[PDB]
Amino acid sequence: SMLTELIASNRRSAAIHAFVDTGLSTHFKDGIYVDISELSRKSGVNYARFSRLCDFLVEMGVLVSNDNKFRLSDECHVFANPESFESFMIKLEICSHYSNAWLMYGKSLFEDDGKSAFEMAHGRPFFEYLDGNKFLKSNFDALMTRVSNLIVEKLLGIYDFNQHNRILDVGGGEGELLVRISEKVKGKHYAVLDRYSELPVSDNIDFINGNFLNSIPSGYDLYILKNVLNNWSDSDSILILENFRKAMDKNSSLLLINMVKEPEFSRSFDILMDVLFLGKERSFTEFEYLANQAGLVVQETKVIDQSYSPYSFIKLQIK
């Protein structure tokens, strides 16, 4: 039934995971039709059992079937690329750590100790745990790098970066955003702040080991905070924006860039942020409220359109 297939929603994720995580999807490059008999002889995958998985992937719209051959749908071409954002997403989505986090989600709703379902499962908050787990950190940092690489073109389009001199990306991870911005917008100073046990190295990039809960360094006229506040509570979000106000002078600008909560789109991500971080996906007005509480003023707001979600672009300056 529709109700039992809704209960069995996990089977869709798990089917895609088996298809992608094995690298079987990498045989479906450039919308080529694949003979499963040939793929079975080549890769050693069981013909009959993989044929049944392919049938389920057709039902899901991941594959298209014609004359007993299978190609990836136009929309799912990304699964042929193991470096794609979608490839890293599914590898994390149903990994043992996320699964065990979800199994503590119910119990976490009855606790007021400020411990996420992830922390209740694993004994540390998400980012602290990633320090001791390379599988989670490498895949998570790689996903953030891919979505950073996707948005850069449209971000340069809507805001003049040439007016600025000194640019700091706060929680910039591997620093892919500013590496890409520096290629187009040259002659500037570029710095990336994150939690680094070993500093990354890149041409024209000053990598800083820091903690945006404690302080943000002053002496930059442009600050960037992309996909950070979704990982934090309202009070921790205010504390971060307060550290920005303390760091910023009258001619400083902060670009607050996040996936925005539209009524039209799914709440599934909002729940994942609760499970992993005790975070949430916020609306424009919710972001504006946090900024005003921290002593920051909205100078301009824009919407950036990305394939997977709309983004909220919010320019902030001090009162």
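Numbers follow the displayed sequence, beginning with 1.
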Exercise. With respect to the recorded C-alpha B factors, which stretch has the higher mean value, 8-16 or 297-305?
Worked result: 297-305
Exercise. Of the two stretches 177-185 and 103-111, which shows the higher Cα B-factor on average in the entry?
Worked result: 177-185
Exercise. Among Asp131, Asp169, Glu93, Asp203, where is the Cα temperature factor highest, going by the PDB entry?
Worked result: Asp203
For this session: By the entry's C-alpha temperature factors, tell me which of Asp141, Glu119, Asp249, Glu86 sits highest.
Result: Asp249
For this session: Taking the values exactly as deposited, rank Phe284 by C-alpha B-factor within its chain and report the matching third: lowest, middle or highest.
Result: highest
Exercise. Lowest, middle or highest third of the chain for the C-alpha temperature factor of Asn243?
Worked result: middle
Seminar exercise, completed: Temperature factor at the Cα of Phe269, chain-ranked in thirds, falls in the lowest
For this session: Taking the values exactly as deposited, rank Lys154 by C-alpha B-factor within its chain and report the matching third: lowest, middle or highest.
Result: highest
Seminar exercise, completed: Among the modelled residues of its chain, the C-alpha B-factor of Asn162 falls in the third labelled highest
